[PDB]
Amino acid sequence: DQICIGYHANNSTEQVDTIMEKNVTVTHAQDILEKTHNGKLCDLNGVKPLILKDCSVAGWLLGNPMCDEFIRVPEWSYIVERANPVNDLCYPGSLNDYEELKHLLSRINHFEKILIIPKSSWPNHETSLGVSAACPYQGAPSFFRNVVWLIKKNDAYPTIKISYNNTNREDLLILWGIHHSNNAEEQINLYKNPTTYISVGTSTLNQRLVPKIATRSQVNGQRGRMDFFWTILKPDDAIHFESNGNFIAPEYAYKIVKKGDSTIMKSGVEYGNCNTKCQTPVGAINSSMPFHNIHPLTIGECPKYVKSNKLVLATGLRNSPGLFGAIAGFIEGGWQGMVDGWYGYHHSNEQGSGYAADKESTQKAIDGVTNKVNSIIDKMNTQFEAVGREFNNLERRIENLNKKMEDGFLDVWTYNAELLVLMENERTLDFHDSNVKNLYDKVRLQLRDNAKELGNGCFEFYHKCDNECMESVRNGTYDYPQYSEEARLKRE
């Protein structure tokens, strides 16, 4: 007639790691690293992204003739751009502050293209000969669709003086440019006047552009360049243009109608006719898990990115095939027969045997391990969220600074995650070692010298303990005096 203290054991093969030991099999565990993605680009909460295909942001905004799919773009969630889009700036040149404009586009979800300066507004200039083979459309030379390349009419280029007032309540993105000719003859053939200028002015802008007539290398079949510029015209402000040649005048402008969360994603992955709440350049994430290792740059409701390969929290006890010396100590193994709890008793009397779990000790441990898991997840709610930022060829130091800043915070938070899991896993296992010892000691305090301590977690009753007597030991109501006289005689 004996009663024993024991703990749970199942067929689990899951393994966690600690600072002192690796690959420790446990009865229950919780993974906290999501590792899978659908490998496709999807809608973000029902909103389809804007995929520019092989068109760049500059080609879409300036109106590259090969980017005509994007003339009435619907509202977008994020913008997908291939790393090297081919339909960018058909006529060679540049877009000034292109990276700063992309930063502004990252906070915009929708444009509304509006005609600001019609071609009927240039009666004494030619509007149809600003066309080049570098910008082909359907076999014929064309040009950017949103701006107009003005050239001389009747061998004369009168000084232009035009102003547009943003009578709209929304901010206006306006683009214009200057044409760099190649020689003194081409300058005359296109704009009679030899020495030319462009003056652009607003409340804030005070810009004067002068063409650089020099010999340059051939790009896209053209030795000339076209430098473009942009500005944000505030409501009830006006832009004032003055030029006597080489003026690439605005025709359409973009009304910033929707501002919100967006990003310019560099990706060649395909749209998969799907929806998601979390999107990465490599694919979309579908998980309730607190961490992921897919990609640092994410958008939407996303888990926090880490560089880990495995991250599993220990929630149960060390499974059987010790700071407190109970689990894998004087109790050498767990019981597969005890299924209703983590800790409990095995009784053996003449009426039979059976397993019984101590619900109070088990529920206290369940509440503790649940609070620890919940505490660790909430402690990582505020992590570093990497953002995409673009820099040019002469901004390498700043680009390198942005790389080390985002990578440095990643290694810091990756280390914080793996070390907190490593440390708290050791604590969780030793927390189970306590509750078993405290359960063994609680039974030991109740039985006293009425039973014998075998040393394996079992108590050999000196008296006779039936099923009701067995339950009273588990109850906490074992009556020592009721059986003291029989135990006294049983000794020798």
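Residue positions are given as counts along the sequence shown, with the first one as 1.
Coordinates are given for every deposited residue between residue 123 and residue 124; the gap count there is zero.
As the entry records it, the average C-alpha temperature factor is higher for 260-268, out of 223-231 and 260-268.
When 324-332 is weighed against 210-218, 324-332 comes out higher, by mean CA B-factor as recorded in the entry.
Reading the B-factor column for the CA atoms of 443, 50, 62, 55 in the entry, the top value corresponds to 443. Ranking 150, 394, 377, 89 by Cα temperature factor from the entry places 377 first. For residue 304, the recorded CA B-factor ranks within the lowest third of the chain. Only modelled residues enter the ranking. In this PDB entry, the Cα temperature factor of residue 178 sits in the bottom third of its chain's modelled residues, the lowest group. Ranked by Cα temperature factor within the chain, residue 346 sits in the highest third according to the deposited record. Remark: residue 355 belongs to the highest third of its chain, ranked by C-alpha B-factor as recorded.
Among the modelled residues of the chain, residue 138 sits in the middle third by CA temperature factor in this PDB entry.
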